[PDB]
Structures are given as structure tokens and as C-alpha cells.
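Next comes just one chain, in C-alpha cells: the form solved without adenosine-5'-diphosphate (ADP).
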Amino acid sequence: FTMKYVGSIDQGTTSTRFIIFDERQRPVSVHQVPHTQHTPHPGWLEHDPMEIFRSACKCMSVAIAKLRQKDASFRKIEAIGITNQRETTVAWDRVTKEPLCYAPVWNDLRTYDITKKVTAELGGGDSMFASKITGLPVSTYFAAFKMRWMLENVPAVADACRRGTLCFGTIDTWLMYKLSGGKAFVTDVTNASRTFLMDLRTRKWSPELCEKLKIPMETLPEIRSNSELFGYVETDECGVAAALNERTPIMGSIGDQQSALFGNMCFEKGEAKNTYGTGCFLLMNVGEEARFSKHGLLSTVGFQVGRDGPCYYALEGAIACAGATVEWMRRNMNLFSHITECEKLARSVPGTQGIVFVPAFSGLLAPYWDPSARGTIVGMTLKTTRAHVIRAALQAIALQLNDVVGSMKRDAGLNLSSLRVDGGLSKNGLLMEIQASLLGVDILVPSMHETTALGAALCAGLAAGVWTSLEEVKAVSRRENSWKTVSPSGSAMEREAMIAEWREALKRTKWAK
């Protein structure tokens, strides 16, 4: 047969990419267009949904043009998969085919007041009142509370609700809508699981929660898997159907963190990914039975390949300041210049010789939520240097993950098998070594590090027959793309000390209000 290609629209918080993968899972064309960060009031953050749709359309047609200018075997795209910034919610009109306002973004805080009242009035004071249904606490992040807000603050949304023309959708839904020309109103299980309106046991909308949160079920889209036929591209927005040439099905849709889980081949229970970005998002595949957290971690859907196919659940945790902490050492403190120095300076001392740097600049998250904790350094001597503090910052990041994984292992009732990693801070080799040493497991670093875009492409290519099974997807990956594997190295003495010191230091972190 001939060369096969699968496309991935990667719609992030600050930009959109399109990446074309070949049948070997190589990224062979890519383009990136940013979209505007609108902030009307402090704490508020909005995206223009038409700009987002247009950006993806541009990325598609540029990346396609560049591919066919440099690859004479590239005939067409077999299917498109989509991955997205989760929780971000769009409100649009079923007849104008267009938004009634900008989209409040995942980390937007305008829903704070609604969050206090849902916990008080429906929760009886308990923000975990629906956690056995949603997998989620009452939080500003989740989609329903942004839907709620738009009805209470945007006349045109509240209007359109009345007339029976209102569509609420996460970015997966909105994109597949405008890509379709309005023919598809779908969402995948992983995105659906971030709304506070889905039931994890059924993977279906919860009539109760919709009712108690006063969100009409007609406004919501239909829940499907991550990998199956969602529709077709049928739009000439930036000559995207001209670029695609032939009729191209949308056969993949997955929320970004879940997409990184899937693109890192975390298919068996006990496999986990961490994205070392500005913050950290760790997801572990906990197997086919959902698992709930006694430590405030989120339960969510990992993935689901095929309509009503096996559905693997996951647990999810975050640290807020990973790459941010590295950046803070460079800009705010002058501890180094080019980002390659961070690791070189940290390597130049064999340990931290007593100091702990807890970088809780915007609170502690993980399994010890404490928004009063601030950034704090303890134990410094006249022998302490920037080298020591940099290494300690890296130790910190690895220690939080270790605490985060500890919670997951007890909640899930299983062990960590290995940790696949990506992001950017995963290029820091010494961090990766400290992380493996603390965890006692091998850390796998894929060299093709476009894993978030890849997850979406695998879903699409699976559904389209490009790859025929999860075991073939792993084989193609091992055969074609390299994986640097980082084994634990240190000692039980060093590890216990570091964790003991960590535990003490956390007791000194409280400071705010």
C-alpha cells in the first residue's frame, strides 16, 4: 500500500498547532498560530472562539502546503484527531453558528462566587458532595460553573437558552462543530468528564446534577469515545478543505492531559505520564474500574478506544510551579542566564547539604492543598550557594511528584510501573535522575516529544485503520522513535534523608492571609 498520514489539531491555552504524523508516528509538518488572551478584570481570562477556529484552519492549510511542497508521497490526510485545553467552555448559537460571547478559560476565576454557593447550598458545606459521581470537587475550573455564569451574566446566552438555540461546548465540541459546518454536536468522554455534569460510572450526563446546577440537557452535546467517526471537515475557512483536497473524517478527540497519557503509551494500569511544563500534570492509568481519592486528587477518564469500547480511568494531580520556579530563579533572582545553566549549576554540587527550597509561590496543591503556603527556603549556611538552591528547587519538584504518586498508589491500590515524561523541563537530565531515584522506577523519555499532539493522532489513526491495535502502536513506536530510559540511582540513605527533610520543611511553609 501507499504512505499514510494522520493530522492532529492541538488547541492549547495560548496557541493552536496542527501536526501531521506519518504511519511511523514521525511529526513531518507543523505550524503554530497564537490566539488572543483577553483579561477584562483581574483573575478573568477569555478566548475568542472564532479566532481559535480560524487559527486551527490556518495551521491546517499551512502545514499541509509545507508537507506537499517537501514530500511527494503525501497524497492526503487519512483522518484528523483533536486535542484541547480542557474545561474552557464556549457558548454559541444553533442558528447563527457563532458565539454569544467569549469563552471563559479553564483557570479563569469569575466563577468564584458560584463556587462558594454551590458548596454551601447544594453541598451543605462539603465541596466533595458530588465527587463519587463526577470524580471532581466543586471548583472554578470545571465547565458547568462557567456555563452557569454565562446564563447569570450574559443576556444573549440567557436569551438563547430561552429560545432553544443555545449550545454549550468544551473546545473539542466547538471545534468539531465549526469544522463540520454545524453538522456535529459531539464530545469525547475525557472532555465530558471535566464538566461536573457527567457520571463516571455510566459515562453519561447526570440528570440530577444538571437539574441541581440548572443547566438544561438540550444545551449539551452527545458523549462519544476518544476514537471513532465524529464527522467530516466541510468548511472553507482558510482554504482548509482546498488544502485537504479530498473528504477528510474527524476520527479522534481527546483532552490534552489525557492525550499525553495516550501518546506516551500508558495503556496498562499502573502506567503514568507527567508533563514537566510551567506546572506539572501527572496522570496515572488506574485500569477499568474508577478509583476515588481520599487526598483531593481528581478521578477522571484516561481513555476509551471505540464507541462503548473499554474505558480506562485515571487519577490526576498537579504542582503549580515547576517550570515557573526555574524561570523565577533566572529572571527574578539572577541565579543563572541561559536555561542550560540551571542543570549545569545543579550538577556542580553533589547534594543540597541541608537546605530545602519549597517553591509554593502560589500555594501548595498536590495531596496537601494549602493556599496559605508560600515560597520558603530553610537551612542555609555561609557554605550555601546558588548551585545548592537550584538543585533544591529541582529536588522539590521531584519530591512533590513523589508525594503525589504516593497518594495515587494508595487510592488506586496499585504500584507505579514506570513514568513516561514530556514537557520541556523533561530535557533537564538531573531532574529526571532525581525523580527516578525518589520513585524507585524507570523514567522513560521519548525523543519524539510531541506526545500531546500524538495522542490525538493515534485515536484518529486507530479509528481509521492506519494502526490496527494498541500493541501495533507500541511496536511502531519502539521500532521508529527512540526512548531514553533513566534508571534509579542513589541510595536508600540519600532518599530517606531527602524525604525526611522535605516533611520537616513543609511544616514551616505556612504564611499567608
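In case it trips you up, residue 1 is the first one in the sequence shown, and so on. Just so we're on the same page, rigid core means the largest C-alpha set that superposes within 1.5 Å between forms.
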Given 240-248 and 389-397, the range whose Cα B-factors average higher in the PDB entry | 240-248
Mind pulling up the entry and telling me whether 267-275 or 361-369 has the higher mean Cα temperature factor?
-> 361-369
Determine which member of 353, 300, 226, 191 has the highest CA B-factor, using the values in the deposited entry.
-> 353
Tell me which of 317, 221, 123, 137 tops the list for C-alpha B factor in the record.
-> 123
Would you check the entry's CA temperature factor for residue 285 and let me know if it's in the chain's lowest, middle or highest third?
-> lowest
By the entry's values, the third containing the CA B factor of residue 211 is the middle
Can you tell me which third, lowest, middle or highest, the CA B-factor of residue 255 falls into for its chain?
-> lowest
Tell me, lowest, middle or highest third: where does the Cα B factor of residue 480 rank within its chain?
-> highest
Taking the C-alpha B-factors as the PDB entry records them, is residue 69 in the lowest, middle or highest third of its chain?
-> highest
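Another form exists, deposited with adenosine-5'-diphosphate (ADP) bound; not displayed. Remarks below refer to it.
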The one residue among 470, 65, 28, 50 placing a heavy atom within 4.5 Å of adenosine-5'-diphosphate (ADP) in the deposited complex is 28
Of the listed stretches (66-74, 483-491, 458-466, 38-46), which one has a non-hydrogen atom within 4.5 Å of adenosine-5'-diphosphate (ADP) in the deposited complex?
-> 66-74
Report yes if any heavy atom of residue 512 sits within 4.5 Å of a heavy atom of adenosine-5'-diphosphate (ADP) in the deposited complex; otherwise report no.
-> no
Using heavy atoms and a 4.5 Å limit, would one call residue 503 a contact residue for adenosine-5'-diphosphate (ADP) in the deposited complex?
-> no
So in the deposited complex, does any heavy atom of residue 24 sit within 4.5 Å of adenosine-5'-diphosphate (ADP)?
-> yes
Picking from 74, 267, 205, 281, which residue has its CA shift by 2 Å or more between this form and the one not shown, once the rigid core of the two forms is superposed?
-> 74
